[PDB]
Amino acid sequence: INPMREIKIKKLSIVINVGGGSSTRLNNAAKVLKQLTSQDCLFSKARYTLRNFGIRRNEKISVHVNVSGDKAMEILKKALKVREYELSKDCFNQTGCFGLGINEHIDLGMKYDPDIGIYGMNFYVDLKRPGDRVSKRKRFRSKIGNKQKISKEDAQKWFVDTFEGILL
Amino acid sequence: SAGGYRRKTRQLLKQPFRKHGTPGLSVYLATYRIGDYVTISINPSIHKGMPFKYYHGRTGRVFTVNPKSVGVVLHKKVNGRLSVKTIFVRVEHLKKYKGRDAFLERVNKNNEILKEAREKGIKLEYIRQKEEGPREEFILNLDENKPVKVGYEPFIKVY
Amino acid sequence: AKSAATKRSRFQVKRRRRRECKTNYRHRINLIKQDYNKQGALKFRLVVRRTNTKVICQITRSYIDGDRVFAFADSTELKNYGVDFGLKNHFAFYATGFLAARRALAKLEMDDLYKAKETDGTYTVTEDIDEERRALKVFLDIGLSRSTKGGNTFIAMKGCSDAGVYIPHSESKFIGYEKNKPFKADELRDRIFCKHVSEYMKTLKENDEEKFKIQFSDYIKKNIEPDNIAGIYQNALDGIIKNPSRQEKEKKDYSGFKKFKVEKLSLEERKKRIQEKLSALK
RNA sequence: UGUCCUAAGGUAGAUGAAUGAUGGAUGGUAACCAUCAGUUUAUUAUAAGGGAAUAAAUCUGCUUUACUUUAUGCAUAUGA
RNA sequence: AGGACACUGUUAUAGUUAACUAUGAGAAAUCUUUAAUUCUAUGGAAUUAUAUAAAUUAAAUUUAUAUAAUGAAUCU
RNA sequence: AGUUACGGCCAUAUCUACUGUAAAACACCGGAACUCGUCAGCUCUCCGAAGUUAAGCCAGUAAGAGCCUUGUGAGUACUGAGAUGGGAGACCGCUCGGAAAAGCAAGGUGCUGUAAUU
Ligand SMILES: [Mg+2]
Ligand SMILES: [Mg+2]
């Protein structure tokens, strides 16, 4: 097999959905993502005003951080142990990605620190083969070939081999 | 449809089908000199230098060349007479008027015939445009041509 | 609720050179405009492009049927002067345009009146002589690449000004310039010569002997020492001022290469292949 | 239609808009995050018409060309 | 004008696994299209040699101006 | 005889499926000591040459969609000039001239300018 046909991990994304008017719940949760990885947080705003969710327009809601490198492997190997390395069949998309969510970040292995509080988050991963610079460059922009795109069953193969786990 | 500068332009200032967008480089590379012949065609994608809508498609002559404008002289039909107009337009609204090219070639070739006949004692046999008169004679052959009988035919309804 | 056929018929296809993501058509037209009075005077432009392992520099003047080149220079021509280890460095952009502008004047015989300067790094723009012809005028095409402070494209126009060809530019995009201060001419002189490359090479030896053999392997395989690079680079510039002429190649004939060519299938084989496809079904 | 704008004026640079499909703890028709598709459906102060997809649209920076003086044309004329 | 249902506005019913396939009706403020007619311009000046500039170009290099000579070219 | 850098005309050059290329070139590709840029060397910027022809670029196949062109449609629809022609009217017929589209068949699927390398 040619080594350009391999599958890898492009990036991982973390999202903490808090909804509130207090900046103290934001700034407490902003320290948790810095405590997990040394990157800094990035905020998000609202699109409209929804009374049923306690949301007004142009107002801060949540935080998210995009990570890459080998640091993403240490966060991913922790999160799979919470579900005992067991996943469903429908978590895989048409394009190849998948995700999961954990109710408690204390199960990740941090300290309590009670004034910070207890939160929860959900993760999402990306898979790309080598040769993905073609659709991303400015000069010489073009499409990807039809032979190199990942499908749903290709995620079902690579997940079991790199992590010995159970499919449901 | 009141009296304004751009009245009643719905199909005259519309860009045609599958041809939208800013013009190309072959427009900008052309040059103009004093005494040429130029037709006017509005490109409705630039808004600096458009003439009035009356002059769309009339040919004139170029008398001045400015850093941003070209001067064209024309003729308008005011109530009794034929007057003289001057307008300044941009380069992206013009076109080189053809129609003298067959004439200017005839000038250059007749000037060569005059030169070769100077060395001889003959009279000039110039080139002028042809004339069409009565129908000339021709010769048909009945060896391979057979006549076809034509007649009427009875009427038949379409259903 | 439109069909699949109407969505294709209403499609307007962009231009061919825009389709391949190679040019910016609004940027080109503003470069080659001209006032209408100067009919006989065509503009010049210098093109600086790089491939993955080369630097290409051309001087052109545009026409209706297509462009034409006046003089070109290739970064792979520097083997004749002794620089063949770095073909994409900060020095490689400088010497290529320096050979380009030196080659253009020798077509016009202005080599005696306008000669090269010494590579000091001071911000200067050449001027006119009192009685003779004025200097030549060339503008710069940046292409599609973004503009930064220490870019490699901006140092190639520095090489054209040192050959004597007049190019309007300002010192704001150079290395060692800060606002409201005199220009640090010696700091620019350390990036023109490959001093930062040599001190990275000296640092890697005592720090990581394993990583250094991977990164600078052609510097290892050729017998090239880091403490002497600018002695070789300075010797390379002196040969260009002596002789800028090209060297001719003999013309061979390549007609045996025609065998890697596929024609289109004819009409007789097209109608034959259809009935064999219909034969297997019945 | 008798209005609005120190930016909604000037210029440089960066940029797949509206929407749809499939997924992700609490999360539902509808909160946020990733992936793929996306020929102009979106926006451009306003009536209608015309124009614009490396964009005249959305962001980031810097500024006051919302100047002073010689001559001429176009609506448009016999004529302010 | 004629034409078309492909864009914008409109309308009757049957089928196949919201999408495709049929037979019907249409447009003063709709257009992938498009005649008969109406109108604008050319059908004689161009080339050569020499000179002038304070314009213009990298440049006798262009853009312009003079003087000399060489001419009747579509039907009524 | 093909590539590669600038292009002119801007679909015969687009879109959806499969298949192939010796040399050289073009790419993918390895990293952040310095200039520069981000939440993230993803993009941009700056140094490189272990690996790979899987993709991109180039060239092919399809009773393929789309575009381009010839014939039929058809002297059919329509129309410039005219008469003490016909009809309650709506309108129709004749003489001397000009002359269509949509479909339905058959065929095609970029051409080219300056320079460089095998
Ligand atoms: Mg204005
Ligand atoms: Mg505006």
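Structure: see above.
About the thresholds
- Residues numbered from 1 in each chain as written, not as in the entry; some residues may be left out.
- Chains lettered and ligands numbered in written order.
- Part of a larger assembly, values for the part shown.
- Heavy atoms only, no water.
- Near = heavy atom within 4 Å.
- Polar contact = N/O pair within 3.5 Å; in protein donor to acceptor, adjacent residues only side chain to side chain.
- Helix = DSSP H or I, 4+ residues; strand = E, 2+ residues; numbered from the N terminus.
- Nonpolar A, V, L, I, M, F, W, Y, C, P; charged D, E, K, R; others polar.
- Salt bridge = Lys/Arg side-chain N within 4 Å of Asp/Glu carboxyl O.
- Buried < 20%, exposed > 50% of the residue type's maximum accessible area, 1.4 Å probe, protein only.
- Expected span 1.5 Å × (residues − 1).
- Contact = heavy atoms within 4.5 Å.
- Buried area = accessible area lost by both parts, 1.4 Å probe.

Draft legend 1. The protein's contact with RNA strand F, seen in detail. Of all residues adjacent to RNA strand F, which total 81 residues, the nearest are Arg28, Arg49, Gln58, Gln215 and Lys249 of chain C. For RNA strand F, the fraction of protein-proximal atoms (within 4 Å) that sit in sugar or phosphate groups is 68%. In the model, a sugar or linking oxygen of RNA strand F is placed 3.1 Å from a nitrogen or oxygen of the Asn2 of chain A side chain. One of the side-chain nitrogen or oxygen atoms of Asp67 of chain C is found 3.0 Å away from a sugar or linking oxygen of RNA strand F. A total of 6 residues in the surface near RNA strand F trace back to one element, the largest contributor, which is helix α11 (residues 267–279) of chain C. Among the residues making up the surface near RNA strand F, the classes are represented as 20 nonpolar, 26 polar and 35 charged.

Draft legend 2. Up close: the pattern of salt bridges. All names here are of chain C. Counted under the stated rule, the structure contains 18 salt bridges over all chains. With its nearest N and O atoms 3.6 Å apart, the salt bridge here joins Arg28 to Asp67. One end of the pair, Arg28, is in helix α3 (residues 25–29); the other, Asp67, is in the loop between β2 (55–61) and β3 (68–74), with 39 residues separating them in the sequence. Exposure remark for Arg28: the relative accessible area of 23% places this residue in the partly exposed category. Through salt bridges with shared partners, a single network forms among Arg28, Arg45, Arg49, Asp67 and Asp141.

Draft legend 3. Inspection of the protein's contact with RNA strand E at higher detail. Neighbouring RNA strand E are 27 residues; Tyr97 and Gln129 of chain B together with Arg10, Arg133 and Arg134 of chain C lie closest to it. Of everything in RNA strand E that lies within 4 Å of the protein, sugar and phosphate atoms constitute 78%. In the environment of RNA strand E, a sugar or linking oxygen lies 3.0 Å from a nitrogen or oxygen atom belonging to the side chain of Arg106 of chain B. Between a phosphate oxygen of RNA strand E and a side-chain N or O atom of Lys38 of chain C, the distance comes to 3.5 Å. The leading source of residues in the surface near RNA strand E is helix α1 (residues 101–116) of chain B, at 3 residues. Residues that form the surface near RNA strand E fall into these classes: 8 nonpolar, 5 polar and 14 charged.

Draft legend 4. Structural view of helix α4 (residues 90–108) of chain C. All names here are of chain C. When the terminal C-alpha atoms of α4 are compared, their 29 Å separation across 19 residues agrees well with the 27 Å that a helix rising 1.5 Å per residue should span. Burial within α4 is extensive, with 16 of its 19 residues counted as buried. Following α4 by one or two positions, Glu109 adopts a phi angle in the positive range, close to 60 degrees.

Draft legend 5. Geometry of the interface of chain A and chain C. Taken together, the contacts link 4 residues of chain A with 5 residues of chain C. Approximately 430 Å² of surface area, both sides summed, lies buried where chain A meets chain C, with 58% of it carried by carbon and sulfur atoms. Broken down residue by residue, the surface that chain A buries against chain C is led by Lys138, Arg139 and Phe140 of chain A, which jointly contribute 84%. Seen at the junction of chain A and chain C, the total is 0 salt bridges.

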